[PDB]
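What's counted below: heavy atoms across the whole structure, side chains too, no hydrogens, waters or symmetry copies. In the text below, chain A, chain B and the rest are named by the order of the sequence lines, each starting its count at 1.
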4 protein chains.
Amino acid sequence: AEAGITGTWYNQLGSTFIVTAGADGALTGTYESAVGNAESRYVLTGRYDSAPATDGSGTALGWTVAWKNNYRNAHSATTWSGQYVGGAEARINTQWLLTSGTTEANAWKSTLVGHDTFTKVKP
Amino acid sequence: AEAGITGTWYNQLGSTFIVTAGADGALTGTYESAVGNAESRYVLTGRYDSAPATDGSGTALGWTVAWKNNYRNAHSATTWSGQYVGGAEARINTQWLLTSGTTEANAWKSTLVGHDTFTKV
Amino acid sequence: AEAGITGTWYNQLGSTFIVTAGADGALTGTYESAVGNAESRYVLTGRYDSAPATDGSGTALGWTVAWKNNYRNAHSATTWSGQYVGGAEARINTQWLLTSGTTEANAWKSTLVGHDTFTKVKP
Amino acid sequence: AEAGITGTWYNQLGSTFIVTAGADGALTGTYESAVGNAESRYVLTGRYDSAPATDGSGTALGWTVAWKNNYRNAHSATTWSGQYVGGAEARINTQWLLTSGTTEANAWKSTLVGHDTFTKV
C-alpha cells in the first residue's frame, strides 16, 4: 500500500527520510543524513511494488540519493534496496551501496556497503 | 561527463537501459531485462552527480527498477550504484542489489548482489 | 587479543560459531547453521588482525564455511567479513556473501548478501 | 573441477593468488596485492566444495586474508566468495568484502565491496 510507505521515517543513526508513494509505483521525497559529507536535504527518487503479494510477504522497494544539493557536493550516490514490512511496528529493512566518483586507478575503493533499518514515525 | 549518459546502453548479458539525464541530477527511462522473471520494459528512476569533479574522476550515479509492469510482477526491486566514465568508449560500471519481498522467516535469503557493465554497443 | 575472540558465539537467528584464535592470526573452529540446507557442524577457517590498533578500534577478521560435511552438501560457501568489538558486551558485527555453484547462464543469481551480529557466551 | 584450483592465479589488477586445494575442502596459500596498504605476501586460508555437482555447475569457494605480515599492518581483512569454472580457460569469479577495524562512530564506512576475476595468465 502506498499510504503505509508514505510518511516520515528515521534510521538507527538518526537520518530522516520523508517519502510519498505514488499509485504508479513511484517514490519521491527528501533525505537528511546524519553522517558523511552532507548537509540539509537531498532529493530522493525510487520505485516500489504497488501490488505486493498478500501473505506476510514484505513489499520490495529501492531508492537513490545523489549527494549534491545547493549547499554541498560529495560526488557520490547511495542506493538503498530492501523491503517494507507493515505491522504496528512498521519497518523498512535495507541494504545499501554508496559509490564515490573516482579515477580509474582508485576504482577498487569506490563502493561502500552496509545496512539500514528505518522506523516510521509520521505520515 | 554529464550529457553523455543520455542514450541506449547494454550490459554484458544483453539487457537494454534507455536513459535521459536531466540538468539537475534526474535519471529517467526504461529497462528491459535479458534475465529473470521479467518481460518487456519497466520504468526506472535515479539520480547522478550533475557537477562532477574536474580531475580524472567518474560521475557517480544510481537507479532503481521495481519489477512490475502491465505484463508481470516479480515482487522484487533492483538498485544499481556505480559511475559513468566518458571517453571514446564510454561505460557505466555498477554493482547492484536485487531484493525480493519475503516472509520474515526467509528474510536472510532476500537479497542477491552482482555487478553489471554497460556500454553503447 | 586472540583470547577475547576464542569462545562460543551465537547470532540473531540461533546459529552457533565455536572458534579458537591462534597467535599467528589463524581462526579455526566449527559452524552450526540455524537456516538453509545444512545439518550438524561444518569446518570453518579464517584470519584476524593479531595486532590491532589500541584506540577504541575494532579488530578486523573474516572466515569461510563451505557447506559440505559428512552428512550433507549444499554446493555453496559463505564468507563473513567484519570486526570484533571487545567490551562487557563483546560482539562480532559482520556482513556476509553466500555463493552457490551454478551453471554459466544462472551465475547472475549465485550470490546472496546479508549481515550477522554475534554475541559471545563461553570461552 | 577439483584439483585445477591448485596453482598460481592473477586477477585483473595484477594481484597474485598462490593456492593449494586439499582433498577434503581446505584452501591454503599466499596472496600478494597490487593495490592498497600492503607489501609482499600475506597468508590466506579458505574452503571449497570438494565434491561439486556433475551438471554444468561451478565449484563454490571462499578465502580470507588479514592484511598483516612482518612488514605492514593495514588493520583490515578481505573475504572473497565465488566459484571456480574449469575448462580450457579456467577462471575463478568472485565478489569480495574488505572490512577495516574502525571506532563505533565510523562503523558505517568500514566495508568496501567489489569483484575480482582470476585466471592463470
Trainee: Looking at C/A26, C/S110, C/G46, which has the largest count of heavy-atom pairs under 4.5 Å with chain D?
Mentor: C/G46
Trainee: Identify which of D/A105, D/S57, D/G56 forms the greatest number of heavy-atom pairs closer than 4.5 Å to chain C.
Mentor: D/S57
Trainee: Just give me the residue among C/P52, C/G82, C/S50, C/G25 that pairs up with chain D most often, heavy atom to heavy atom, under 4.5 Å.
Mentor: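 That would be C/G82.
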Trainee: Less than 3.5 Å apart, any donor N or O on the side chain of C/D116 or C/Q12 sitting next to an acceptor on the other?
Mentor: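 Judged by distance alone, the side chains do pair up.
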Trainee: Give a yes or no on whether C/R41 atom CZ has more than 12 heavy-atom contacts from other residues, nucleotides or ligands under 6.0 Å away.
Mentor: no
Trainee: So what's closer than 4.5 Å to chain D heavy atoms on C/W96: side chain, backbone, both or neither?
Mentor: backbone
Trainee: Specify which of D/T102, D/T103, D/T45 makes the most heavy-atom pairs with chain C at under 4.5 Å.
Mentor: D/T102
Trainee: Counting only non-hydrogen atoms closer than 4.5 Å, does C/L44 touch chain D with its backbone (N, CA, C, O), its side chain (CB onward), both, or neither?
Mentor: neither
Trainee: Using non-hydrogen atoms only, which part of C/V43 is less than 4.5 Å away from chain D: side chain, backbone, both, or neither?
Mentor: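 Both backbone and side chain of C/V43 come within 4.5 Å of chain D.
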Trainee: More than 12 heavy atoms of other residues, nucleotides or ligands under 6.0 Å from CG of D/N70: is that the case?
Mentor: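 Not more than 12 within 6.0 Å, no.
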Trainee: Chain C heavy atoms under 4.5 Å from D/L61: which part of the residue, side chain, backbone, both or neither?
Mentor: backbone
Trainee: Which bit of D/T111 comes within less than 4.5 Å of chain C, counting heavy atoms only: side chain, backbone, both or neither?
Mentor: side chain
Trainee: So which atom in D/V35 and which in D/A38 form the shortest heavy-atom distance, rounded to 0.1 Å?
Mentor: O-CB, 4.2 Å
Trainee: Heavy atoms only, distances under 4.5 angstrom: which of C/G58, C/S81, C/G101 has the most pairs with chain D? Name it, please.
Mentor: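 Going by pairs under 4.5 Å, I would pick C/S81.
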Trainee: To check you understand the geometry: which heavy-atom pair defines the closest contact between C/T79 and D/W63, and what is its length?
Mentor: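 Smallest heavy-atom distance, with atoms named: CG2-N, 4.2 Å.
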Trainee: Do D/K68 and C/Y48 have side chains that get closer than 4.5 Å, going by heavy atoms?
Mentor: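 Side-chain contact under 4.5 Å: no.
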Trainee: Can you name the closest pair of heavy atoms from D/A60 and C/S100 and give their distance?
Mentor: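 Between these two residues, the closest heavy atoms are CB-C, 4.5 Å.
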